[PDB]
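Undergrad: The structure follows.
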Amino acid sequence: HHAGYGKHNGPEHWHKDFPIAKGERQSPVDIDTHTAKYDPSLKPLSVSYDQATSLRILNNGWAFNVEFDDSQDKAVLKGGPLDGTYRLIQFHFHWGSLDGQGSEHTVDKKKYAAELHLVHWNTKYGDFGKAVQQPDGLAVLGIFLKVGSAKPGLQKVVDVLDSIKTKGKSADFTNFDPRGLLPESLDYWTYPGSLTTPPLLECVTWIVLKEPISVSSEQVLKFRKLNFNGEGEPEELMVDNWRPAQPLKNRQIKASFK
Ligand SMILES: [Zn+2]
């Protein structure tokens with residue numbers, strides 16, 4: 001009986017196994033666009049994914065992760081609020097059972113159909129495991145997804161989901177270009193926060209893009225065909241695997257843009 005997104009083990013229950021769930025810098029949060037202040041101090045954001053090397057995609061019962069080779073300085077995130085270099089290790093989504101919900105962060109309380117999370121770790125800490133133990137160990141790029149026109153660069157991901165339907169399944173996923181999942185503009189909000197799943201460590205600088213990418217209903221429907229359960233178990237569809245907005249507390253959300 002571990003955490004999950006069910007009525008008896010959902011986000012509201014996580015604090016029992018992870019006290020930090022009621023911490024001072026938990027994520028996600030609602031982004032109040034009118035209160036977020038433009039920060040002249042923010043340097044230009046740099047997303048260098050030209051040499052990104054994906055290797056595999058796995059259903060881990062919480063989402064599916066496209067994993068990358070981070071043994072070398074290739075796909076990195078720098079600039080903006082960040083100091084130093086952060087290396088891409090994996091990306092995953094959260095999505096709902098309906099187009100009206102699914103994102104973890106909200107904008108003026110608005111919930112998007114889904115949210116993409118590109119996870120990077122601060123290279124100054126040597127590895128991901130050590131980085132998550134640091135307040136500035138991680139830097140996650142958040143991108144909202146809305147339903148409309150299909151996203152060409154996402155179809156490759158959608159097509160392999162059939163092979164990793166259940167928890168524990170993984171498949172080769174080489175040569176995937178994450179640049180195809182980025183919106184046109186890099187304008188962003190940013191604030192200090194946490195992982196949004198156990199162990200919910202407060203080691204994350206969050207960079208959430210203002211501009212959503214559009215995906216087709218067909219593409220999102222395939223996300224909804226995945227299973228939380230393992231092979232040969234009662235089917236529990238993988239939907240609504242998002243954590244709700246948490247108290248902002250003593251934090252300020254800064255904007256990179258007008
Ligand atoms: Zn996430």
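Residues in the structure tokens are named by chain (A, B, ... in the order shown) and by number from 1 within that chain; ligands are numbered from 1 in the order shown.
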Hey, what's within 8 Å of residue 135 of chain A if we count only C-alpha atoms and toss same-chain stuff fewer than 5 positions away? As a short mmCIF file (atom, residue, chain, number, x, y, z; two decimals) with N, CA and C atoms, in the first residue's frame, please?
TA:
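So result_3.cif came out as:
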data_model
loop_
_atom_site.label_atom_id
_atom_site.label_comp_id
_atom_site.auth_asym_id
_atom_site.auth_seq_id
_atom_site.Cartn_x
_atom_site.Cartn_y
_atom_site.Cartn_z
N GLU A 202 12.62 19.14 -1.66
CA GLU A 202 12.61 20.55 -2.04
C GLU A 202 13.97 20.93 -2.62
N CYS A 203 14.26 20.39 -3.80
CA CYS A 203 15.57 20.55 -4.41
C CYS A 203 15.46 21.16 -5.81
N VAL A 204 14.30 21.73 -6.11
CA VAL A 204 13.96 22.10 -7.48
C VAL A 204 13.83 23.62 -7.63
#
Undergrad: At a cut-off of 6 Å, using only C-alpha atoms, what residues contact segment 154-169 of chain A? Leave out same-chain residues fewer than 6 positions from it and give the result as an mmCIF file with N, CA, C and O atoms, in the first residue's frame.
TA:
data_model
loop_
_atom_site.group_PDB
_atom_site.id
_atom_site.type_symbol
_atom_site.label_atom_id
_atom_site.label_comp_id
_atom_site.auth_asym_id
_atom_site.auth_seq_id
_atom_site.Cartn_x
_atom_site.Cartn_y
_atom_site.Cartn_z
ATOM 1 N N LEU A 58 9.986 4.192 -20.182
ATOM 2 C CA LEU A 58 9.532 3.212 -19.204
ATOM 3 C C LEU A 58 8.248 3.669 -18.518
ATOM 4 O O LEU A 58 8.143 4.814 -18.077
ATOM 5 N N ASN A 59 7.276 2.767 -18.432
ATOM 6 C CA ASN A 59 6.142 2.947 -17.533
ATOM 7 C C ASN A 59 6.473 2.546 -16.099
ATOM 8 O O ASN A 59 6.646 1.363 -15.800
ATOM 9 N N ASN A 60 6.562 3.535 -15.218
ATOM 10 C CA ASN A 60 6.986 3.302 -13.842
ATOM 11 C C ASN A 60 5.818 3.352 -12.863
ATOM 12 O O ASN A 60 6.013 3.492 -11.656
ATOM 13 N N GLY A 61 4.604 3.237 -13.391
ATOM 14 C CA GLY A 61 3.412 3.219 -12.565
ATOM 15 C C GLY A 61 2.914 4.591 -12.148
ATOM 16 O O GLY A 61 1.804 4.707 -11.630
ATOM 17 N N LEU A 226 -2.715 4.129 -21.173
ATOM 18 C CA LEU A 226 -1.677 3.517 -20.353
ATOM 19 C C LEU A 226 -2.287 3.019 -19.043
ATOM 20 O O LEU A 226 -3.371 3.453 -18.657
ATOM 21 N N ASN A 227 -1.581 2.118 -18.363
ATOM 22 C CA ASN A 227 -2.046 1.546 -17.099
ATOM 23 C C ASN A 227 -1.138 1.872 -15.911
ATOM 24 O O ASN A 227 0.083 1.931 -16.052
ATOM 25 N N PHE A 228 -1.747 2.062 -14.740
ATOM 26 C CA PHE A 228 -1.015 2.318 -13.497
ATOM 27 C C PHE A 228 -0.568 0.952 -12.990
ATOM 28 O O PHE A 228 0.493 0.804 -12.383
ATOM 29 N N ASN A 229 -1.420 -0.037 -13.234
ATOM 30 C CA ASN A 229 -1.188 -1.407 -12.796
ATOM 31 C C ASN A 229 -0.150 -2.154 -13.621
ATOM 32 O O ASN A 229 0.213 -1.736 -14.718
ATOM 33 N N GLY A 230 0.317 -3.272 -13.078
ATOM 34 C CA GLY A 230 1.288 -4.087 -13.784
ATOM 35 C C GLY A 230 0.576 -5.107 -14.654
ATOM 36 O O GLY A 230 -0.616 -5.353 -14.478
ATOM 37 N N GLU A 231 1.309 -5.695 -15.594
ATOM 38 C CA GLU A 231 0.769 -6.695 -16.511
ATOM 39 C C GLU A 231 0.092 -7.840 -15.758
ATOM 40 O O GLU A 231 0.615 -8.336 -14.764
#
Undergrad: Using 7 Å as the limit and counting only C-alpha atoms and all ligand atoms, can you tabulate each residue of chain A that touches ligand 1, with its shortest atom-to-atom distance in Å and the two atoms involved, as JSON lines?
TA:
{"residue": "A:92", "atom": "CA", "partner": "ligand 1", "partner_atom_place_in_ligand_line": "1 (Zn)", "distance": 6.1}
{"residue": "A:93", "atom": "CA", "partner": "ligand 1", "partner_atom_place_in_ligand_line": "1 (Zn)", "distance": 6.0}
{"residue": "A:94", "atom": "CA", "partner": "ligand 1", "partner_atom_place_in_ligand_line": "1 (Zn)", "distance": 6.3}
{"residue": "A:116", "atom": "CA", "partner": "ligand 1", "partner_atom_place_in_ligand_line": "1 (Zn)", "distance": 6.9}
{"residue": "A:117", "atom": "CA", "partner": "ligand 1", "partner_atom_place_in_ligand_line": "1 (Zn)", "distance": 5.0}
{"residue": "A:196", "atom": "CA", "partner": "ligand 1", "partner_atom_place_in_ligand_line": "1 (Zn)", "distance": 6.0}
Undergrad: Which is closer to residue 131 of chain A than all the others in A:246, A:54, A:252, A:205, using only C-alpha atoms?
TA: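 Closest to residue 131 of chain A of all the choices is A:205.
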Undergrad: Which residue is closest to residue 42 of chain A? Choose from A:132, A:238, A:181, A:82 and count only C-alpha atoms.
TA: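 Selected residue with least distance to residue 42 of chain A: A:82.
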Undergrad: Choose the residue, out of A:250, A:103, A:122, A:175, that has the smallest atom-to-atom separation from residue 192 of chain A; count only C-alpha atoms.
TA: A:250
Undergrad: Work out how far apart atom CA of residue 223 of chain A and atom CA of residue 86 of chain A are and give it in Å to one decimal.
TA: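 Between atom CA of residue 223 of chain A and atom CA of residue 86 of chain A the gap works out to 27.9 Å.
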Undergrad: Calculated over only C-alpha atoms, which of the candidates A:73, A:137, A:11, A:107 has the smallest distance to residue 32 of chain A?
TA: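 Closest to residue 32 of chain A, using only C-alpha atoms: A:107.
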Undergrad: Segment 58-153 of chain A near segment 182-187 of chain A within 12 Å: what's each residue's closest atom pair and its distance in Å to one decimal, counting only C-alpha atoms, ordered by chain then ascending residue number, as CSV?
TA:
residue,atom,partner,partner_atom,distance
A:79,CA,A:186,CA,11.8
A:80,CA,A:187,CA,10.1
A:115,CA,A:182,CA,11.9
A:116,CA,A:182,CA,9.7
A:117,CA,A:182,CA,11.2
A:118,CA,A:182,CA,10.4
A:141,CA,A:182,CA,10.1
A:142,CA,A:182,CA,10.0
A:143,CA,A:182,CA,7.6
A:144,CA,A:183,CA,9.3
A:145,CA,A:183,CA,9.8
A:146,CA,A:183,CA,11.7
A:151,CA,A:182,CA,9.9
A:152,CA,A:182,CA,11.3
A:153,CA,A:182,CA,9.2
Undergrad: Residues as selected, C-alpha atoms, written as a CSV table (one decimal), in the first residue's frame, can you do that?
TA:
chain,number,residue,atom,x,y,z
A,79,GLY,CA,20.8,30.8,-17.8
A,80,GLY,CA,17.7,32.4,-16.5
A,115,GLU,CA,2.0,19.2,-18.3
A,116,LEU,CA,5.5,18.1,-19.6
A,117,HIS,CA,8.4,18.1,-17.1
A,118,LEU,CA,11.9,18.1,-18.4
A,141,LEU,CA,11.3,22.9,-17.2
A,142,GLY,CA,7.5,22.8,-17.2
A,143,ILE,CA,5.5,23.1,-20.4
A,144,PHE,CA,1.7,23.1,-20.5
A,145,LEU,CA,-0.2,21.1,-23.1
A,146,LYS,CA,-3.7,22.0,-24.4
A,151,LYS,CA,2.2,18.1,-32.1
A,152,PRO,CA,4.3,16.3,-34.8
A,153,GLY,CA,7.3,15.9,-32.5
Undergrad: Which one of A:255, A:47, A:201, A:29 sits closest to residue 104 of chain A if you count only C-alpha atoms?
TA: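 Among A:255, A:47, A:201, A:29, it is A:29 that comes nearest to residue 104 of chain A.
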Undergrad: Of the candidates A:46, A:97, A:253, A:15, which shows the shortest atom-to-atom distance to residue 236 of chain A, using only C-alpha atoms?
TA: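 Among A:46, A:97, A:253, A:15, it is A:97 that comes nearest to residue 236 of chain A.
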Undergrad: Please provide as a list in words all residues within 7 Å of residue 68 of chain A, with the sequence filter that same-chain residues fewer than 5 positions apart are discarded (counting only C-alpha atoms).
TA: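 Here the qualifying residues turn out to be residues 53, 54, 55, 88, 89 and 90 of chain A.
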Undergrad: Generate the output file for the selected residues, C-alpha atoms, as a short mmCIF file (atom, residue, chain, number, x, y, z; two decimals), in the first residue's frame.
TA:
data_model
loop_
_atom_site.label_atom_id
_atom_site.label_comp_id
_atom_site.auth_asym_id
_atom_site.auth_seq_id
_atom_site.Cartn_x
_atom_site.Cartn_y
_atom_site.Cartn_z
CA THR A 53 20.69 11.25 -26.52
CA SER A 54 17.49 9.48 -25.53
CA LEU A 55 17.84 5.79 -24.78
CA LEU A 88 18.76 16.61 -18.87
CA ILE A 89 18.14 13.17 -17.38
CA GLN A 90 14.50 12.47 -18.30
#
Undergrad: As a PyMOL selection string, please: the residues near residue 13 of chain A (cut-off 10 Å, only C-alpha atoms, same-chain neighbours under 5 positions excluded).
TA: chain A and resi 2-8+18+21
Undergrad: If you run DSSP over the backbone, which residues in segment 18-215 of chain A end up strand (DSSP E or B)? Put them as a PyMOL selection string.
TA: chain A and resi 30-31+37-38+45-48+54-59+64-68+76-79+86-95+106-107+110+114-122+138-147+167+170-172+188-193+204-209+213-215
Undergrad: One number please: atom CA of residue 207 of chain A to atom CA of residue 237 of chain A, in Å, one decimal.
TA: 29.2 Å
Undergrad: As a PyMOL selection string, which residues of segment 133-246 of chain A does DSSP assign to helix (DSSP H, G or I)?
TA: chain A and resi 152-164+178-181+217-223
Undergrad: Just the selected residues (C-alpha atoms), exported as a PDB file, in the first residue's frame, please.
TA:
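Wrote selection.pdb, looks like this:
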ATOM      1  CA  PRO A 152       4.332  16.311 -34.765  1.00  0.00           C
ATOM      2  CA  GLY A 153       7.341  15.917 -32.503  1.00  0.00           C
ATOM      3  CA  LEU A 154       5.267  14.061 -29.913  1.00  0.00           C
ATOM      4  CA  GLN A 155       3.889  11.361 -32.201  1.00  0.00           C
ATOM      5  CA  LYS A 156       7.015   9.214 -31.854  1.00  0.00           C
ATOM      6  CA  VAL A 157       6.323   9.040 -28.117  1.00  0.00           C
ATOM      7  CA  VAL A 158       2.638   8.321 -28.631  1.00  0.00           C
ATOM      8  CA  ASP A 159       3.360   5.425 -30.990  1.00  0.00           C
ATOM      9  CA  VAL A 160       5.493   3.472 -28.498  1.00  0.00           C
ATOM     10  CA  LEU A 161       3.060   3.700 -25.580  1.00  0.00           C
ATOM     11  CA  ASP A 162       1.405   0.466 -26.733  1.00  0.00           C
ATOM     12  CA  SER A 163       4.618  -1.378 -25.881  1.00  0.00           C
ATOM     13  CA  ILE A 164       4.793  -0.054 -22.314  1.00  0.00           C
ATOM     14  CA  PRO A 178      13.080  16.777 -27.268  1.00  0.00           C
ATOM     15  CA  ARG A 179      13.324  20.055 -29.181  1.00  0.00           C
ATOM     16  CA  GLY A 180      10.148  19.027 -30.966  1.00  0.00           C
ATOM     17  CA  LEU A 181       8.185  19.432 -27.726  1.00  0.00           C
ATOM     18  CA  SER A 217      -7.214  14.835 -28.776  1.00  0.00           C
ATOM     19  CA  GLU A 218      -6.026  11.641 -30.480  1.00  0.00           C
ATOM     20  CA  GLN A 219      -2.551  11.999 -28.975  1.00  0.00           C
ATOM     21  CA  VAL A 220      -3.835  12.658 -25.442  1.00  0.00           C
ATOM     22  CA  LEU A 221      -6.298   9.773 -25.724  1.00  0.00           C
ATOM     23  CA  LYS A 222      -3.361   7.406 -26.155  1.00  0.00           C
ATOM     24  CA  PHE A 223      -1.766   8.765 -22.962  1.00  0.00           C
TER      25      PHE A 223
END
